[PDB]
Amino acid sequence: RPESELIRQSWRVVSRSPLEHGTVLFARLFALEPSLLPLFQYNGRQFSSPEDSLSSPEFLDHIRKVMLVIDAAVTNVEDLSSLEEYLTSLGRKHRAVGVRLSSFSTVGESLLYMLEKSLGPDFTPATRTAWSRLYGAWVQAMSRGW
């Protein structure tokens, strides 16, 4: 797993404090597409601003949830044949709550953004590329899906 090690190596850094990094991801996501903000509704209430979501334990718990899943996807980076059916299932939950396949690009770009900011110089071209491949493989899975 030559291209896998890069993923585990890069991830171990962000895996240490999942909320902080997952916070950066969604801050970024909401900064790029604020139209995704109302998809996260808790207590029958809509977040007015992106920062409102940051004060929601429900929403923070969601971030952890997402961070845990990617970290799982990182565990299985070598085969990718184990997580397949969970992803189609996860993608199934996403279609259900009314997310669009076209937002995947935005989440991926937010994920890559978060990784770049965290790693700095360590976020090598090879590392960027492997993550793009990796994220691509999840989206395809989650898209099988719709």
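Throughout, we count residues from 1 along the sequence that is shown.
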Comparing 5-13 with 18-26, which stretch shows the greater average C-alpha B-factor in the deposited entry?
-> 5-13
Out of 105-113 and 38-46, which stretch has the higher average CA B-factor listed in the record?
-> 38-46
Identify, among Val97, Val66, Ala31, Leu54, the residue whose C-alpha carries the highest B-factor in the deposited PDB entry.
-> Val97
Would you please rank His62 by its C-alpha temperature factor against the other modelled residues of its chain and give the third it falls in: lowest, middle or highest?
-> lowest
